[PDB]
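Participant: Data: final-v6.cif, mmCIF, C-alpha atoms (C1' of nucleotides).
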data_run
loop_
_atom_site.group_PDB
_atom_site.id
_atom_site.type_symbol
_atom_site.label_atom_id
_atom_site.label_comp_id
_atom_site.auth_asym_id
_atom_site.auth_seq_id
_atom_site.Cartn_x
_atom_site.Cartn_y
_atom_site.Cartn_z
ATOM 1 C CA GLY A 1 0.000 0.000 0.000
ATOM 2 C CA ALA A 2 1.265 3.415 -1.073
ATOM 3 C CA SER A 3 -1.538 5.211 0.802
ATOM 4 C CA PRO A 4 -3.284 4.658 4.145
ATOM 5 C CA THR A 5 -6.638 4.068 2.444
ATOM 6 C CA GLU A 6 -5.517 0.920 0.599
ATOM 7 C CA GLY A 7 -2.732 -1.468 1.501
ATOM 8 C CA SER A 8 -1.651 -4.573 3.366
ATOM 9 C CA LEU A 9 0.548 -3.041 6.083
ATOM 10 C CA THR A 10 0.353 0.754 5.730
ATOM 11 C CA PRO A 11 -3.417 1.158 6.346
ATOM 12 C CA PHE A 12 -2.854 0.029 9.940
ATOM 13 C CA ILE A 13 0.342 1.956 10.795
ATOM 14 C CA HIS A 14 -0.577 5.279 9.163
ATOM 15 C CA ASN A 15 -1.233 6.680 12.650
ATOM 16 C CA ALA A 16 1.676 4.953 14.433
ATOM 17 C CA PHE A 17 4.112 7.852 13.881
ATOM 18 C CA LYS A 18 4.595 10.662 16.374
ATOM 19 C CA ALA A 19 3.098 13.916 15.138
ATOM 20 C CA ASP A 20 6.438 15.688 14.701
ATOM 21 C CA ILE A 21 7.781 13.181 12.170
ATOM 22 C CA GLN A 22 6.700 14.181 8.654
ATOM 23 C CA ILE A 23 9.527 12.900 6.413
ATOM 24 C CA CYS A 24 11.023 9.565 7.415
ATOM 25 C CA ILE A 25 13.149 6.804 5.905
ATOM 26 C CA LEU A 26 13.501 3.441 7.638
ATOM 27 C CA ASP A 27 15.250 0.143 6.911
ATOM 28 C CA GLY A 28 14.009 -3.150 8.279
ATOM 29 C CA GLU A 29 12.829 -6.705 7.768
ATOM 30 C CA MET A 30 9.343 -7.882 6.812
ATOM 31 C CA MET A 31 8.068 -11.183 8.208
ATOM 32 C CA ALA A 32 4.875 -13.114 8.945
ATOM 33 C CA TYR A 33 3.070 -12.965 12.295
ATOM 34 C CA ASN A 34 0.656 -15.588 13.641
ATOM 35 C CA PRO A 35 -1.737 -13.871 16.099
ATOM 36 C CA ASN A 36 -3.528 -16.903 17.532
ATOM 37 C CA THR A 37 -0.147 -17.849 19.016
ATOM 38 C CA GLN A 38 1.318 -14.314 19.017
ATOM 39 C CA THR A 39 4.496 -15.683 17.439
ATOM 40 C CA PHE A 40 6.537 -15.045 14.314
ATOM 41 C CA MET A 41 6.223 -17.706 11.619
ATOM 42 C CA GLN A 42 9.781 -18.604 10.666
ATOM 43 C CA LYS A 43 10.502 -18.239 6.964
ATOM 44 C CA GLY A 44 10.092 -21.412 4.935
ATOM 45 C CA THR A 45 7.228 -23.894 4.939
ATOM 46 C CA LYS A 46 3.561 -22.964 4.429
ATOM 47 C CA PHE A 47 4.038 -19.279 3.525
ATOM 48 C CA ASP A 48 6.020 -16.745 1.511
ATOM 49 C CA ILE A 49 5.938 -13.167 2.795
ATOM 50 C CA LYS A 50 6.401 -11.896 -0.779
ATOM 51 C CA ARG A 51 3.052 -13.163 -2.144
ATOM 52 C CA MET A 52 0.949 -13.964 0.931
ATOM 53 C CA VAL A 53 -2.607 -15.088 0.225
ATOM 54 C CA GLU A 54 -5.308 -12.739 1.487
ATOM 55 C CA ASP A 55 -7.496 -15.415 3.095
ATOM 56 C CA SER A 56 -4.701 -16.555 5.430
ATOM 57 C CA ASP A 57 -4.966 -15.421 9.050
ATOM 58 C CA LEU A 58 -1.226 -14.667 9.125
ATOM 59 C CA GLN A 59 -0.353 -10.991 8.802
ATOM 60 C CA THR A 60 2.655 -8.812 7.927
ATOM 61 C CA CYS A 61 5.022 -7.377 10.547
ATOM 62 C CA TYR A 62 7.837 -4.864 10.017
ATOM 63 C CA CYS A 63 10.827 -4.990 12.374
ATOM 64 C CA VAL A 64 12.912 -1.820 12.079
ATOM 65 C CA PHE A 65 16.646 -1.637 12.743
ATOM 66 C CA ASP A 66 17.776 1.726 11.318
ATOM 67 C CA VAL A 67 16.677 5.249 10.414
ATOM 68 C CA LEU A 68 18.285 7.273 7.626
ATOM 69 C CA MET A 69 16.348 10.560 7.534
ATOM 70 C CA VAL A 70 13.914 12.354 9.863
ATOM 71 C CA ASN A 71 12.537 15.849 9.162
ATOM 72 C CA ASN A 72 15.079 16.641 6.442
ATOM 73 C CA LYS A 73 17.941 15.558 8.713
ATOM 74 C CA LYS A 74 20.520 13.300 7.053
ATOM 75 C CA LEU A 75 21.488 10.630 9.586
ATOM 76 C CA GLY A 76 23.620 8.529 7.240
ATOM 77 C CA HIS A 77 26.905 9.917 8.557
ATOM 78 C CA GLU A 78 26.064 9.666 12.270
ATOM 79 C CA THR A 79 27.072 6.826 14.569
ATOM 80 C CA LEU A 80 24.892 3.782 15.175
ATOM 81 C CA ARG A 81 24.088 4.809 18.752
ATOM 82 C CA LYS A 82 22.710 8.168 17.647
ATOM 83 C CA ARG A 83 20.566 6.580 14.934
ATOM 84 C CA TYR A 84 19.221 4.108 17.498
ATOM 85 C CA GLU A 85 18.340 6.941 19.874
ATOM 86 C CA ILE A 86 16.575 8.926 17.147
ATOM 87 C CA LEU A 87 14.759 5.753 16.078
ATOM 88 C CA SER A 88 13.422 5.351 19.606
ATOM 89 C CA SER A 89 11.625 8.704 19.149
ATOM 90 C CA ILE A 90 9.949 8.038 15.775
ATOM 91 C CA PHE A 91 6.999 5.692 16.316
ATOM 92 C CA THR A 92 5.287 4.215 19.342
ATOM 93 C CA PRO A 93 5.395 0.485 18.529
ATOM 94 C CA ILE A 94 2.080 -1.300 18.039
ATOM 95 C CA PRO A 95 2.855 -5.023 18.334
ATOM 96 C CA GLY A 96 1.929 -7.181 15.367
ATOM 97 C CA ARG A 97 2.284 -4.434 12.768
ATOM 98 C CA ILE A 98 5.486 -2.460 13.445
ATOM 99 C CA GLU A 99 8.228 -3.075 16.001
ATOM 100 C CA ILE A 100 11.806 -2.181 16.935
ATOM 101 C CA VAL A 101 14.421 -4.923 17.150
ATOM 102 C CA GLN A 102 15.866 -5.167 20.648
ATOM 103 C CA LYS A 103 19.641 -4.784 20.953
ATOM 104 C CA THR A 104 21.524 -5.770 24.111
ATOM 105 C CA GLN A 105 24.775 -4.150 25.214
ATOM 106 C CA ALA A 106 27.530 -6.740 25.588
ATOM 107 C CA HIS A 107 31.295 -6.514 26.098
ATOM 108 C CA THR A 108 32.435 -10.111 26.637
ATOM 109 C CA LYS A 109 32.566 -13.285 24.564
ATOM 110 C CA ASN A 110 30.641 -15.332 27.128
ATOM 111 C CA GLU A 111 27.678 -13.066 26.367
ATOM 112 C CA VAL A 112 27.982 -13.824 22.644
ATOM 113 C CA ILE A 113 28.022 -17.578 23.224
ATOM 114 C CA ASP A 114 25.105 -17.272 25.653
ATOM 115 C CA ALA A 115 23.093 -15.331 23.073
ATOM 116 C CA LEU A 116 23.873 -17.858 20.334
ATOM 117 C CA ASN A 117 22.938 -20.788 22.580
ATOM 118 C CA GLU A 118 19.654 -19.108 23.513
ATOM 119 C CA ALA A 119 18.941 -18.349 19.853
ATOM 120 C CA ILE A 120 19.475 -21.994 18.922
ATOM 121 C CA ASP A 121 17.183 -22.857 21.835
ATOM 122 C CA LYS A 122 14.458 -20.583 20.435
ATOM 123 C CA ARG A 123 15.032 -22.136 16.979
ATOM 124 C CA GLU A 124 16.463 -19.067 15.267
ATOM 125 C CA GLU A 125 19.179 -18.820 12.639
ATOM 126 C CA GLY A 126 21.802 -17.153 14.827
ATOM 127 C CA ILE A 127 22.744 -13.759 16.244
ATOM 128 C CA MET A 128 24.305 -10.608 14.802
ATOM 129 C CA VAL A 129 26.674 -8.047 16.306
ATOM 130 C CA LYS A 130 26.802 -4.305 15.617
ATOM 131 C CA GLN A 131 29.638 -1.877 16.308
ATOM 132 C CA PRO A 132 28.292 1.159 18.218
ATOM 133 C CA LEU A 133 30.358 3.639 16.170
ATOM 134 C CA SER A 134 29.702 2.121 12.728
ATOM 135 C CA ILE A 135 28.548 4.447 9.941
ATOM 136 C CA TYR A 136 26.017 3.478 7.263
ATOM 137 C CA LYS A 137 27.925 2.619 4.077
ATOM 138 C CA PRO A 138 25.396 1.618 1.397
ATOM 139 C CA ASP A 139 26.188 -1.502 -0.655
ATOM 140 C CA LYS A 140 29.219 -2.438 1.492
ATOM 141 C CA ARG A 141 29.547 -5.695 3.414
ATOM 142 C CA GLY A 142 31.282 -6.463 6.693
ATOM 143 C CA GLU A 143 32.025 -2.882 7.768
ATOM 144 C CA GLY A 144 30.304 -2.605 11.148
ATOM 145 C CA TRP A 145 27.773 -5.445 10.997
ATOM 146 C CA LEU A 146 28.708 -9.073 11.668
ATOM 147 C CA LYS A 147 26.651 -12.269 11.733
ATOM 148 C CA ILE A 148 27.182 -15.526 13.634
ATOM 149 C CA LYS A 149 25.488 -18.898 13.134
ATOM 150 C CA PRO A 150 26.074 -22.384 14.576
ATOM 151 C "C1'" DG B 1 3.009 -17.818 -5.296
ATOM 152 C "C1'" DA B 2 0.830 -16.421 -9.625
ATOM 153 C "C1'" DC B 3 -0.026 -17.568 -14.129
ATOM 154 C "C1'" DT B 4 -0.529 -20.218 -18.562
ATOM 155 C "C1'" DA B 5 -0.687 -24.375 -21.663
ATOM 156 C "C1'" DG B 6 -2.405 -28.860 -23.211
ATOM 157 C "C1'" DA B 7 -5.497 -32.867 -22.593
ATOM 158 C "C1'" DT B 8 -10.104 -34.438 -21.638
ATOM 159 C "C1'" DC B 9 -15.096 -34.719 -21.438
ATOM 160 C "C1'" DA B 10 -19.752 -33.157 -22.221
ATOM 161 C "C1'" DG B 11 -23.325 -30.007 -24.374
ATOM 162 C "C1'" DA B 12 -25.111 -27.838 -28.175
ATOM 163 C "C1'" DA B 13 -25.535 -26.530 -33.113
ATOM 164 C "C1'" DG B 14 -25.331 -27.696 -38.099
ATOM 165 C "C1'" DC B 15 -26.332 -30.941 -41.614
ATOM 166 C "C1'" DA B 16 -28.199 -35.294 -43.771
ATOM 167 C "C1'" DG B 17 -31.926 -38.355 -44.416
ATOM 168 C "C1'" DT B 18 -36.644 -40.093 -43.701
ATOM 169 C "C1'" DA B 19 -41.639 -39.879 -42.865
ATOM 170 C "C1'" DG B 20 -45.961 -37.379 -42.901
ATOM 171 C "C1'" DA B 21 -48.897 -33.776 -44.497
ATOM 172 C "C1'" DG B 22 -50.630 -30.603 -47.807
ATOM 173 C "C1'" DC B 23 -51.576 -28.615 -52.615
ATOM 174 C "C1'" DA B 24 -51.998 -28.689 -58.216
ATOM 175 C "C1'" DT B 25 -53.439 -31.575 -62.522
ATOM 176 C "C1'" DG B 26 -55.781 -35.026 -64.860
ATOM 177 C "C1'" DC B 27 -59.486 -38.208 -66.071
ATOM 178 C "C1'" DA B 28 -62.766 -41.904 -65.503
ATOM 179 C "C1'" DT B 29 -66.905 -42.627 -65.018
ATOM 180 C "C1'" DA B 30 -71.505 -41.764 -64.222
ATOM 181 C "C1'" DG B 31 -75.395 -38.669 -63.896
ATOM 182 C "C1'" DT B 32 -78.298 -35.319 -65.813
ATOM 183 C "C1'" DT B 33 -80.224 -32.439 -69.431
ATOM 184 C "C1'" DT B 34 -81.331 -31.524 -74.228
ATOM 185 C "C1'" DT B 35 -82.927 -32.788 -78.804
#
Starting from the file, lay out its structure as structure tokens.
Facilitator:
Amino acid sequence: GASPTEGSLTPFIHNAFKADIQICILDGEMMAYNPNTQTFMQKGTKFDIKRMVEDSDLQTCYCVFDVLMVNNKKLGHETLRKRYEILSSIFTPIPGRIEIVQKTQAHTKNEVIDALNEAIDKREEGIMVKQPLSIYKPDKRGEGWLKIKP
DNA sequence: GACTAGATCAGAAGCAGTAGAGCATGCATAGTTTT
């Protein structure tokens, strides 16, 4: 949906943005949410989030992890911490339709292994790590973002 | 996931052939009238 009147995810989150924010760019991941369990349907069997069938009870959820512009302010060159803080003041999350990915501060390896073990326990792919001072470099790989899997 | 292509079956329309009905033409004969 390109307008609040008609869409599959936008008609519900039109009014989820604080009044001050008028121009806003966000980056995130789109996934499928099962409400009867209140759990995210892991990608794979029984559904594709690209061409979901209307009759299905599953719905679309947007998990945000970055902001690149708010009220004609260019946040590309700022540090990750600042972008996170500004992101916290964009929308009031409304579970099931738009959310912010939680990030935990960690400064030891035991924490990383604990997180990976817990992720495997919750049947997730893995865990990723972000450098607090990393800048957004479009199209580049392995600059401030790292991923870890079993 | 959305979309299309090819195979399959049935339904319906067109055409062929037959049977049944109706309408002209003749004439065969008898009946009636005239001389």
Participant: Quick one: apply the PyMOL selection byres ((chain A and resi 85) around 12) to the file and drop the selected residues here as a list in words.
Facilitator: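 Evaluating the PyMOL selection byres ((chain A and resi 85) around 12) on these coordinates yields residues 65, 66, 67, 75, 78, 79, 80, 81, 82, 83, 84, 86, 87, 88, 89, 90, 91, 100, 103 and 132 of chain A.
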Participant: For atom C1' of residue 2 of chain B and atom CA of residue 51 of chain A, quote the distance in Å rounded to one decimal.
Facilitator: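 Straight-line distance from atom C1' of residue 2 of chain B to atom CA of residue 51 of chain A works out to 8.5 Å.
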Participant: Kindly indicate which residue among A:99, A:48, A:29, A:20 lies nearest to chain B, using all atoms listed in the file for the distances.
Facilitator: A:48
Participant: Could you expand the PyMOL selection byres ((chain A) within 12 of (chain B)) into the explicit residues it covers here, written as a ChimeraX atom specification?
Facilitator: /A:46-54
Participant: With all atoms listed in the file as the atoms that count, which of A:42, A:3, A:37, A:104 lies nearest to residue 124 of chain A?
Facilitator: A:42
Participant: Taking the file as shown, find all residues satisfying the PyMOL selection byres ((chain A and resi 32) around 9) and write them as a short mmCIF file (atom, residue, chain, number, x, y, z; two decimals) with C-alpha atoms, in the coordinates of the input.
Facilitator:
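The result, stored in selection.cif:
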data_model
loop_
_atom_site.label_atom_id
_atom_site.label_comp_id
_atom_site.auth_asym_id
_atom_site.auth_seq_id
_atom_site.Cartn_x
_atom_site.Cartn_y
_atom_site.Cartn_z
CA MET A 30 9.34 -7.88 6.81
CA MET A 31 8.07 -11.18 8.21
CA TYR A 33 3.07 -12.96 12.30
CA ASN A 34 0.66 -15.59 13.64
CA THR A 39 4.50 -15.68 17.44
CA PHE A 40 6.54 -15.04 14.31
CA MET A 41 6.22 -17.71 11.62
CA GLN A 42 9.78 -18.60 10.67
CA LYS A 43 10.50 -18.24 6.96
CA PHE A 47 4.04 -19.28 3.52
CA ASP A 48 6.02 -16.74 1.51
CA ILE A 49 5.94 -13.17 2.80
CA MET A 52 0.95 -13.96 0.93
CA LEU A 58 -1.23 -14.67 9.12
CA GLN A 59 -0.35 -10.99 8.80
CA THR A 60 2.66 -8.81 7.93
CA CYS A 61 5.02 -7.38 10.55
CA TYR A 62 7.84 -4.86 10.02
#
Participant: Which value, in Å to one decimal, gives the distance between atom CA of residue 27 of chain A and atom CA of residue 63 of chain A?
Facilitator: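 Result for atom CA of residue 27 of chain A versus atom CA of residue 63 of chain A: 8.7 Å, one decimal.
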Participant: Once you add 5 Å to each side, what are the centre and edge lengths of the axis-aligned box holding all listed atoms of segment 2-10 of chain B? One decimal in Å, as AutoDock Vina command-line options, if you can.
Facilitator:
--center_x -9.5 --center_y -25.6 --center_z -16.4 --size_x 30.6 --size_y 28.3 --size_z 23.6
Participant: Report, in Å to a single decimal, how far apart atom CA of residue 96 of chain A and atom CA of residue 9 of chain A are.
Facilitator: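 These atoms are spaced 10.3 Å apart.
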Participant: Using all atoms listed in the file, can you tell me which of A:35, A:64, A:69, A:127 comes closest to residue 21 of chain A?
Facilitator: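 Nearest to residue 21 of chain A: A:69.
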Participant: With only C-alpha atoms as the basis for distance, which of A:44, A:95, A:28, A:150 is at the shortest distance from residue 120 of chain A?
Facilitator: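 Looking at the shortest contact to residue 120 of chain A, the residue is A:150.
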